[PDB]
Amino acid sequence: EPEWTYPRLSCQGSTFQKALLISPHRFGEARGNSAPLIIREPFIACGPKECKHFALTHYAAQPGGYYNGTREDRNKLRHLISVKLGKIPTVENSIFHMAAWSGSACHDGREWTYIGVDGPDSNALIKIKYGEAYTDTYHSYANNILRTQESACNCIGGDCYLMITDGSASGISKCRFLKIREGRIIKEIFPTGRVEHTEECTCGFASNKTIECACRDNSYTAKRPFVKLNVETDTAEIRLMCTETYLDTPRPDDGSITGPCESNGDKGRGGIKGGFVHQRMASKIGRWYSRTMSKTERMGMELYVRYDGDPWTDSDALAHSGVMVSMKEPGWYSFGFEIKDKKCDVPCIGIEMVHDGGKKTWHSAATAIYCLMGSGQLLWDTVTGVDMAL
């Protein structure tokens, strides 16, 4: 058959550069003739030959008559959709995979696994699809909005790993990982460590032995929960990132959180999903991260890197590597993903750039992509170009 995917060494390069903007609402004017779907939580996942751009639609287009409710996060209508990356996600270009108000997907080398959560808040349900077939489900364990990554899951040798979580958005949400093979859950992994609130993990392969994830703590801290999952033993441990460059939003000033690495610090309530991707070299690992320019608002997006070290213990500041989105522009969720070149993997970060005009109008998003590309420094930023009044 095709063989299973494994993480490979990253393609050569040392800086990210602006790759691609998908801005569907550049075609959504009342006087235009297009039907871009109203979405949020976009992410990209790639198989050997193509990438798919996923998002959770509100099952409504612009221009249209169903803008009310598109700023809510969960309802009976939201669906996980995709287009081939490079296509504009319209009503006719998109594929509707399953009813879901939280999602993930990934390719294992042979087929696409799609993951969607729906159901009532107190009793939601993870549903897994392998290709066309619905293959398995997993139930709410803490009865308070069972939910998942909003970014790609990760497969090695046919085994795919997925973060799920359940619990209060302003209290305890202890995550678990599911190990999924051909669409069926073959193991539950219960993490150890600093486990009181971990959600929306952005995960990737640090090597063939370790998946690492930079997650969101929506309750207690502006430091990101950082997971290290050993794939050989199927065990996970979580501790907060110690870097003084706090990656959440909102957050206090860099380096202002006093005390040991594990200290929670101030301005911990609230959060945002954060970009994280690995650059695997023969003797060095680069960890690339994105955070908003604003410490309190979803505005702007800049890139940081650090090579080697241990995220759990290094207090050192990360190295600023370029402004991807200016302060002037929306910088909402961000995520990592890798494109498969012929012999090596290309690390990328994608940025959700939400068009927010409040509850009174439509609420949707463009997706900007920056990838590791050549050398030098990052040269240009992204704007959506959308005027929400048209």
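Position 1 is the first residue in the sequence shown; the rest follow in order.
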*So 306 to 314 or 135 to 143, which one's hotter by mean CA B-factor in the entry?*
306 to 314
*Identify the stretch, either 202 to 210 or 96 to 104, whose C-alpha atoms have the larger mean B-factor according to the entry.*
202 to 210
*Among the candidates 367, 17, 12, 382, give the one with the maximum CA B-factor reported in the record.*
12
*asked:* If I read the C-alpha B-factors straight from the PDB entry, which of 33, 62, 321, 334 is highest?
replied: 321
*Where does residue 247 sit by CA temperature factor within its chain: lowest, middle or highest third?*
middle
_Which third, lowest, middle or highest, does the C-alpha temperature factor of residue 51 belong to within its own chain?_
middle
_Please place residue 157 in the lowest, middle or highest third of its chain according to the CA B-factor in the PDB entry._
highest
_Splitting the chain's C-alpha B-factors into thirds, which one does residue 184 fall into?_
middle
*Ranked C-alpha temperature factor of residue 357 among modelled chain residues, by third*: highest
